[PDB]
Amino acid sequence: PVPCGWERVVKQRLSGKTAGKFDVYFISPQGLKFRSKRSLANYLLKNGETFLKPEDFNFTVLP
DNA sequence: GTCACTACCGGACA
DNA sequence: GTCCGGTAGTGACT
């Protein structure tokens, strides 16, 4: 629901004209912050893929 | 047009 | 990091 490694933050406004409104943003696994679906969708175009190699997996028990 | 609502991004903050 | 505002966009409509 929130993709693996990402974080979702929800906040509610307290004062002023827009009191009660909500703001949502996402933090990526590298700490990039996205406050809009538009900017996140732009980023995702070339940067949405994650890849894996055999070297990412440790099958050994240390001495 | 107005009204109500959503969405995006900017600036203030010291 | 915190916080709300200004602006543009959508869509129904007495």
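In what follows, chains are A, B, ... by sequence order, proteins preceding strands, each numbered from 1.
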Begin with the C-alpha distance, continue with both residues' side-chain angles, and end with the deciding distance and a verdict on side chain to side chain contact (heavy atoms under 4.5 Å, CB included) for A:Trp6 and A:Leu40. CA-CA 12 Å; A:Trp6 293 69; A:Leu40 178 50; 3.8 Å; yes

Evaluate the salt bridge (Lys or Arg N to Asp or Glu O under 4.0 Å) criterion for residues A:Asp23 and A:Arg13: first the C-alpha distance (whole Å), next the side-chain angles of each, then the deciding distance (0.1 Å), finally the verdict. CA-CA 8 Å; A:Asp23 296 272; A:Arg13 302 185 174 195; 2.8 Å; yes

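Considering all non-hydrogen atoms of both residues, A:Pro29 and A:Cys4 come closest at CG-O, 4.3 Å.
Judged by the sign of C1'-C2'-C3'-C4', the furanose ring of C:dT2 adopts a north, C3'-endo-like conformation.
A:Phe57 belongs to a hydrophobic cluster whose remaining members, ordered by chain and number, are A:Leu52, A:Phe59; membership requires side-chain heavy atoms of ILVMFWY residues under 4.5 Å apart, directly or through intermediates.
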Are any protein N/O atoms closer than 3.5 Å to N/O atoms in nucleotides 7-11 of chain B? If there are, list each pair with its distance.
{"residue": "B:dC8", "atom": "OP1", "partner": "A:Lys37", "partner atom": "N", "Å": "3.3"}
{"residue": "B:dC8", "atom": "OP1", "partner": "A:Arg38", "partner atom": "N", "Å": "2.8"}
{"residue": "B:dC8", "atom": "OP2", "partner": "A:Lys37", "partner atom": "N", "Å": "3.2"}
{"residue": "B:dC9", "atom": "OP1", "partner": "A:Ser36", "partner atom": "OG", "Å": "2.5"}
{"residue": "B:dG10", "atom": "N7", "partner": "A:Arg35", "partner atom": "NH1", "Å": "3.2"}
{"residue": "B:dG10", "atom": "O6", "partner": "A:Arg35", "partner atom": "NH2", "Å": "2.6"}

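A distance of 5.5 Å separates CZ in A:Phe26 from CZ in A:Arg8, rounded to the nearest 0.5 Å. The distance from the CD atom of A:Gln12 to the OG1 atom of A:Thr18 is 10.5 Å, given to the nearest 0.5 Å. Note that CG of A:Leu62 is 6.0 Å distant from OG1 of A:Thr60, once rounded to the nearest 0.5 Å.
You can see that DNA chain C meets the heavy atoms of chain A within a 4.0 Å-exclusive cut from C:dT2 to C:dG6, reading 5' to 3'.
A centroid separation of 6.0 Å or more is found between the aromatic rings of A:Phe34 and A:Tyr25.
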